[PDB]
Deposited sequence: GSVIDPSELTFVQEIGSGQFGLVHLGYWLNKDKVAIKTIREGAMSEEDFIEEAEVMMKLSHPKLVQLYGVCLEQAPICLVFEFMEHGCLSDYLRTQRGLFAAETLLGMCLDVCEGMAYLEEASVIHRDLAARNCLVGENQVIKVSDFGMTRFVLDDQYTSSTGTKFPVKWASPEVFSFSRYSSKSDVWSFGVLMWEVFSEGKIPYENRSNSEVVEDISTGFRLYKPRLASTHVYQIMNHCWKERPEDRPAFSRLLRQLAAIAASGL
């Protein structure tokens, strides 16, 4: 990828918290989101992302290495984080649009799955909303963790699929907090007993069926993103 000189970056306003995210411009031209900061792990993260090209995965302009704190320079996504966007635009969403959002994410995730990339932190807060409400996965939390993850630390694309199910719930609930007021231990025990998040009003029976398939106890009973994508698309086509 391209190396970016600090002089080429204009930091306009802080927009995110964690490192930090700033609204800015590169070369007095492109609107960018600048993410300031382990330095080597921070850079490698960018290196991985710059070689993964998909319409539903966020893209970088480059890396600014010269001056501490080092930063990553991303494309600007006008509607920000999905979690935030869902909450602010609550009441304006048709079910079809919410399903479309899930499809966008599923597309990105199927590409990552094929590339043998586990996200490990897939959630609406780690998705971004751009031009014409296109959703992109970014940055590629027990409430999003599968049973084999919170118990055995057993990650796979199938554990991402569980996370995606929770993301679907976030989307169809229009940005509600999953398992609100519940402690980590309460989430673990409830899910292990068989508790699943309720069906949001905007989620059809068909959509909820898919959520529950993402929430199967055994990873092998969950669909891969590649197949999940077609299941989601089929519901859209059915009407």
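S.K.: Return the ranges of the deposited sequence not covered by C-alpha coordinates, sorted by sequence position.
M.R.: Unobserved in coordinates, per deposited numbering: 19 to 20, 40 to 44, 148 to 166, 266.
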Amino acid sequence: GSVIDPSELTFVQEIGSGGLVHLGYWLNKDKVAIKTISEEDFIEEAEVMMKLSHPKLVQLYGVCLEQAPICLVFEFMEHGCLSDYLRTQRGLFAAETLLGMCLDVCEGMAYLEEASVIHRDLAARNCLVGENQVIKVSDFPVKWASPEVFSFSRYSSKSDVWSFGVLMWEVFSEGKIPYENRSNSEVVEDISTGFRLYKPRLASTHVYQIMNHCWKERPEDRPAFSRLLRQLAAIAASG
From here on, numbers count along this sequence of modelled residues.
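S.K.: Between 165 to 173 and 129 to 137, which has the larger average Cα B-factor in the PDB entry?
M.R.: In the deposited entry, the stretch with the higher C-alpha B-factor mean is 129 to 137.
S.K.: Averaging only over Cα atoms, indicate whether 114 to 122 or 143 to 151 has the higher B-factor in the PDB entry.
M.R.: Mean C-alpha B-factor is greater for 143 to 151.
S.K.: Split into thirds by Cα B-factor across the chain's modelled residues, where does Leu232 land: lowest, middle or highest?
M.R.: Within its chain, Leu232 is a lowest-third residue by C-alpha B-factor, going by the deposited values.
S.K.: Splitting the chain's C-alpha B-factors into thirds, which one does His213 fall into?
M.R.: According to the entry, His213 has a C-alpha B-factor in the chain's middle third.
S.K.: Among the modelled residues of its chain, does the C-alpha B-factor of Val188 lie in the lowest, middle or highest third?
M.R.: Answer is highest: the recorded C-alpha B-factor places it there.
S.K.: Based on the entry's values, in what third of the chain does the Cα temperature factor of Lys199 lie: lowest, middle or highest?
M.R.: CA B-factor rank for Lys199: middle third.
S.K.: Would you please rank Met109 by its C-alpha temperature factor against the other modelled residues of its chain and give the third it falls in: lowest, middle or highest?
M.R.: Answer is lowest: the recorded C-alpha B-factor places it there.
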